[PDB]
Amino acid sequence: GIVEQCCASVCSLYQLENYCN
Amino acid sequence: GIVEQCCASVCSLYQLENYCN
Amino acid sequence: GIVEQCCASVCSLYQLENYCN
Amino acid sequence: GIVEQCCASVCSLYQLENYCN
Amino acid sequence: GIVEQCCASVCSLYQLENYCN
Amino acid sequence: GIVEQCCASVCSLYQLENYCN
Amino acid sequence: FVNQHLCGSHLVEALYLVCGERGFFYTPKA
Amino acid sequence: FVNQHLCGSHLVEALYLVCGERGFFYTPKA
Amino acid sequence: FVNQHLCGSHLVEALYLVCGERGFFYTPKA
Amino acid sequence: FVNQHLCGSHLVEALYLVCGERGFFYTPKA
Amino acid sequence: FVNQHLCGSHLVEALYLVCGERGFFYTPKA
Amino acid sequence: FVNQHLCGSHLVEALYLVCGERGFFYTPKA
Ligand SMILES: [Zn+2]
Ligand SMILES: [Zn+2]
């Protein structure tokens with residue numbers, strides 16, 4: 001998941017938007 | 001909501017547990 | 001300045017990009 | 001100590017209460 | 001106390017050193 | 001640089017002053 | 001534990017602390 | 001914007017900044 | 001993305017997030 | 001509440017949240 | 001170094017920074 | 001003051017505290 005990917009690898013702010021309400 | 005209870009007013013750690021999944 | 005725009009008023013992440021080197 | 005244990009291993013919020021005044 | 005000096009008023013890093021053990 | 005040294009090794013607050021305006 | 005005023009990012013930091021692995025939902029509008 | 005390495009509470013901080021008033025869901029694996 | 005009130009250290013945290021490796025300048029006086 | 005892995009300033013943040021107005025002592029080993 | 005308004009968790013973060021390994025005591029009531 | 005191990009946003013926090021109103025430049029290598 002994003003939680004894992006952002007920490008194990010790397011992630012972008014655009015990817016984080018998918019988790020907004 | 002959470003904001004009205006924890007920011008406007010004060011709230012306990014126990015109350016915050018109501019927002020855990 | 002940045003402070004007047006993001007703290008006094010509100011600002012977007014895009015506006016913050018103006019301060020990146 | 002708690003400082004070490006919380007970081008080397010894991011610790012609970014209940015254990016952290018022992019350090020309050 | 002520390003709060004009255006650093007939050008109500010302003011204080012320097014040097015003043016904060018008075019609270020180190 | 002300071003960014004690297006502070007994280008790879010260690011740095012002091014006095015060294016960080018060199019980066020202030 | 002004591003009561004406290006928690007606003008903005010400080011509120012979500014506390015939720016992260018309390019909930020941990022369980023995860024949480026932050027919903028201002030609710 | 002650039003790619004970021006976000007772990008722990010640092011991620012929930014990023015989420016709070018990106019979602020703001022819209023709110024968000026923090027769902028880790030466990 | 002949404003608009004937000006960012007003050008003090010919270011403002012520099014956001015700059016760090018947005019700018020990342022590029023780096024940034026925080027200049028209150030400007 | 002769940003178990004937490006807290007290091008550095010992240011621990012003092014947890015302490016501040018748990019103790020609040022009661023205050024606390026931060027005593028690491030060295 | 002400059003003077004600054006430090007409140008809540010921000011105040012304990014600064015103490016952690018300044019004191020480091022020495023440790024500190026945060027006592028609001030005093 | 002003592003030596004500190006500062007990484008990520010933890011460094012920009014230290015910079016904000018040391019420089020305050022003077023402002024600062026965050027210039028990492030990349
Ligand atoms: Zn704050
Ligand atoms: Zn961290």
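Values reported hereafter were calculated over all heavy atoms of this structure, with side chains retained and with hydrogens, waters and symmetry mates removed. In what follows, chains carry the letters A, B, and so on, assigned in the order in which the sequence lines appear, proteins first and then strands, with residues in each chain numbered from 1.
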Asks: Quick one: side-chain contact (heavy atoms from CB on, under 4.5 Å) partners of G:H5, sequence neighbours excluded?
Replies: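 Result, side-chain contact (heavy atoms from CB on, under 4.5 Å) vs G:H5: B:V10.
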Asks: Nearest 0.5 Å, what's the CG-OG distance between J:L6 and D:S9?
Replies: 11.5 Å
Asks: Are K:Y16 and J:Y16 close enough that their ring centers fall under 6.0 Å?
Replies: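 When the ring centroids of K:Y16 and J:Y16 are compared, they turn out to be at least 6.0 Å apart.
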Asks: Could you measure the distance from the CG atom of I:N3 to the SG atom of C:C6? Nearest 0.5 Å is fine.
Replies: 9.5 Å
Asks: If we ignore hydrogens and angles and just use 3.5 Å, is the side chain of G:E21 paired with the main-chain N or O of J:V2 as donor and acceptor?
Replies: no
Asks: Look up atom CG in J:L11 and atom CG in D:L16, then write down how far apart they are to the nearest 0.5 Å.
Replies: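 Output value for this atom pair is 6.0 Å.
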Asks: Kindly determine whether I:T27 and F:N21 satisfy side-chain contact (heavy atoms from CB on, under 4.5 Å), including the steps that lead there.
Replies: CA-CA 8 Å; I:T27 57; F:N21 271 303; 3.6 Å; yes
Asks: Compute the ring centroids of L:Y26 and I:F24, then answer whether they are less than 6.0 Å apart.
Replies: yes
Asks: What do you reckon, F:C7 and L:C7 SGs under 2.5 Å?
Replies: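 Judged by the SG atoms alone, which are under 2.5 Å apart, L:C7 and F:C7 are bridged.
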Asks: Check whether the SG atoms of H:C19 and A:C20 are less than 2.5 Å apart, and answer yes or no.
Replies: yes
Asks: Locate the shortest heavy-atom distance separating D:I2 from D:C11; write the atom from each residue and the value.
Replies: CD1-CB, 4.3 Å
Asks: In terms of the angle between their ring planes, are D:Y14 and J:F1 parallel, tilted or perpendicular, with boundaries placed at 30° and 60°?
Replies: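 Judged by the thresholds at 30° and 60°, the geometry between D:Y14 and J:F1 is tilted.
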Asks: Indicate the atoms forming the closest heavy-atom contact of L:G20 with I:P28, along with that distance.
Replies: O-CG, 4.3 Å
Asks: Checking B:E17 now: which residues fulfil salt bridge (charged side-chain N to carboxylate O under 4.0 Å, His left out) with it, not counting sequence neighbours?
Replies: G:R22
Asks: Could you tell me whether A:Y19 and G:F25 have their ring centroids closer than 6.0 angstrom?
Replies: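 No, they do not, as the ring centres are separated by 6.0 Å or more.
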Asks: Checking G:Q4 side chain against J:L17 main chain: does a donor-acceptor pair fall under 3.5 Å?
Replies: yes
Asks: To the nearest 0.5 Å, how far apart are NE2 in I:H10 and CD in I:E13?
Replies: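 The CD atom of I:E13 is 8.0 Å from NE2 of I:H10, to the nearest 0.5 Å.
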